[PDB]
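One chain comes next, on its own, written as structure tokens: the form deposited in one PDB entry.
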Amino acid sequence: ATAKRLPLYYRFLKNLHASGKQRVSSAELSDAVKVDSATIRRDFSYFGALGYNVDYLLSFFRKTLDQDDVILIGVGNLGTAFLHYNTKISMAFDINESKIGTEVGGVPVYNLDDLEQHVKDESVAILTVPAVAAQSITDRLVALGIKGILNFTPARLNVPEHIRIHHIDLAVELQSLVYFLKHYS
């Protein structure tokens, strides 16, 4: 639970640091993030913060996050390239019963039907299915609390704005490069 509160603090203190403030009280933080005074002080003791030093905490939060994941849907050429490319992909999903129940790149392939039961804490999804499948899958992912999607499909996804989408597409990349070549060469 402490690690679910740490992000709330990190977000606010980032903002605080941005506005110049070198110190923060447990009451300031409580009002800003709606965690009670006492829980904050208890957490900050556990973080070794002895007025609290804003930079101490931000540095602590940042190191913690860096010291301590991902699912993939569509185990075809692109997905396999990803499962073989050289932050662990822990589970993959497909609809091909030939692939369901095998491991590719050491990662087990499950039935898409099991997505809701199997996904718990994972926050990142790689999407390597045909564009036609992408929106319905994305809708299910956002419902299961996935927070970022690597969309390696031609589909332009409809998502809440807080869902981070990294869109990778061959035609989109090529359009841009060709434009440069045709205009700035």
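Just so we're on the same page, rigid core means the largest C-alpha set that superposes within 1.5 Å between forms. When you see a residue number, it is the position in the sequence shown, counting from 1.
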{"item": "Unmodelled stretch of the deposited sequence separating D68 from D69, binned as none, 1 to 3, 4 to 9 or 10 or more", "value": "1 to 3"}
{"item": "Length class of the unmodelled deposited segment, which would lie between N86 and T87", "value": "4 to 9"}
{"item": "Given 57 to 65 and 145 to 153, the range whose Cα B-factors average higher in the PDB entry", "value": "57 to 65"}
{"item": "Residue stretch of maximal mean CA temperature factor, 87 to 95 vs 105 to 113", "value": "87 to 95"}
{"item": "Selection by C-alpha B-factor (highest) of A49, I126, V159, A134", "value": "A49"}
{"item": "Cα B factor band for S26 (lowest, middle or highest third within the chain)", "value": "middle"}
{"item": "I163 by Cα B-factor - lowest, middle or highest third of the modelled chain", "value": "middle"}
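Missing here is the form deposited in another entry; even so, the following discussion is about that form.
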{"query": "Core-superposed comparison between the shown form and the other one - Cα displaced by 2 angstroms or more, from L29, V119, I126, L157", "finding": "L29"}
{"query": "C-alpha of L57 moved at least 2 Å between the shown form and the other one on rigid core", "finding": "yes"}
{"query": "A38: Cα shift of 2 Å or greater between the shown form and the other one (core-aligned)", "finding": "yes"}
{"query": "Rigid core superposition, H167 Cα moves 2 angstroms or more between the shown form and the other one", "finding": "no"}
{"query": "Sense of the change in Cα distance from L8 to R140 in that other deposited form - at least 3 Å versus the shown form", "finding": "farther"}
